[PDB]
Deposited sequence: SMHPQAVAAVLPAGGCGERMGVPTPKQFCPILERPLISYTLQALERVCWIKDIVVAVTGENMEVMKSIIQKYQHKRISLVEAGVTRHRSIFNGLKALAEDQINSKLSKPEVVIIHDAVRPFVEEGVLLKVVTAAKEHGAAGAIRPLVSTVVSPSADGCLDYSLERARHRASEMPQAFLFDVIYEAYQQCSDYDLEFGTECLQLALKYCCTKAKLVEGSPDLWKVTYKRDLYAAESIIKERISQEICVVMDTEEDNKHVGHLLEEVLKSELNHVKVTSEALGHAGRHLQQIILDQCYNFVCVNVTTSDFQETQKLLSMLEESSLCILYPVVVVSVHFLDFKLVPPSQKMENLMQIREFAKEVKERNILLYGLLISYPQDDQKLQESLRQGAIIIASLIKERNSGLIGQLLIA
């Protein structure tokens, strides 16, 4: 209850920039906006986009239900885009629609893994100093080429750092800096903290940042970001079951084995909240009554808007190696359901567990079940939807 007061954010969102490149069919900028919106004390988030993209952005705001977002037109350069964002926040006009912050954050649309910690640190350092920025060590040596493309000099790696986002400023300082800024610097400047230093004699505080702060620039960064996203949504599973005592027991049985086999995963069970993996468990039918309920409940929801939701429909059934033909015929309705719910961003898979078995055989099947489920969750791959797997 001690959150910074009067804070807003500005994102310039103007190889080619990757802010609209999809990850799991969702544009990268949407993940960044989500990460910023989760920080309750950032009152307004001002995003600069170009005219050609203004409609894509608005559609993105609607589709993913982003809150506290005000759009402004980007300039041709990054400093111009940021200035327009600050203008919109200045509350110094008849036209102004937004409270003037004390502290403003600058972030980039292609840096989706920002969290409340580093933000708090840069906001706090900026109150005390006027300006602040996240830094990282250099991995590569920096060099200066001559006109003919030969080594002129090398810089001492230990005396330099890479400037990263987020940055934060006392609003009046940075706004005043932009108002004094030469048009040359607006065109060719890359670094807001250098503006504050040159035009307001404000020496920014450099805060140490995590490896997560990097900017998505290349294809390989998109790969890395996809993986981090998929890992983070793999850490929670909800096992769902009927009130029937048979179903509750196998459901809880599976819950327990998922907990013990998948270390560092939060597993819960609900009868029949930011969870994207569901394990629906059934003994008492050769059908999908429980799974159908769960799907209809998710087809409505906005869980499916934000990330692909994985649903594993699990059936405990009596059989030696293969279940009887007629029961297997019923289970194959999974294919049809999977095809339908794929359209709503749900990935539906089936898993058969032989029940009952001898103790050790059943233990092994439960472990295999857990591994299979973890695998389907990890990969989140649409290619295997509708399959009936066996533990």
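Within the chain's deposited sequence, the coordinate-free stretches run 15-22, 281-292 in sequence order.
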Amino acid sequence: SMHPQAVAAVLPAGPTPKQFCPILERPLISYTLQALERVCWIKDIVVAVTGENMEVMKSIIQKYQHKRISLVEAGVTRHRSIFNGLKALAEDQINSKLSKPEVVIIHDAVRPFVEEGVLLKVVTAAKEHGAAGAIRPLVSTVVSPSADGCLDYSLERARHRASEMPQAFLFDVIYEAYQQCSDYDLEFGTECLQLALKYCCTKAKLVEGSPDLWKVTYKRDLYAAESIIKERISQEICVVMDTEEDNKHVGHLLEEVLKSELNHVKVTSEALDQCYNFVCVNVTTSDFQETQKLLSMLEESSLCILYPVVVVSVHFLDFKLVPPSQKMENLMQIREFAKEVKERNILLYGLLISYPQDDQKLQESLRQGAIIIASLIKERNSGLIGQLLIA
From here on, numbers count along this sequence of modelled residues.
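Higher mean CA temperature factor, per the PDB entry, when comparing 71-79 with 221-229: 71-79. Legend: mean Cα B-factor per stretch from the PDB entry, 340-348 versus 327-335; the higher mean is in 327-335.
Taking the PDB entry at face value, the top CA B factor among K215, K205, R136, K97 belongs to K97. Among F169, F288, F113, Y276, the highest C-alpha B-factor recorded in the PDB entry belongs to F288.
Remark: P22 belongs to the lowest third of its chain, ranked by C-alpha B-factor as recorded. In this PDB entry, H160 carries a Cα temperature factor that places it within the middle third of its chain's modelled residues.
Annotation for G369: CA B-factor lies in the lowest third of the chain's modelled residues.
Among all modelled residues in this chain, the alpha-carbon of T32 has a temperature factor (C-alpha) in the lowest third. Annotation for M2: CA B-factor lies in the highest third of the chain's modelled residues.
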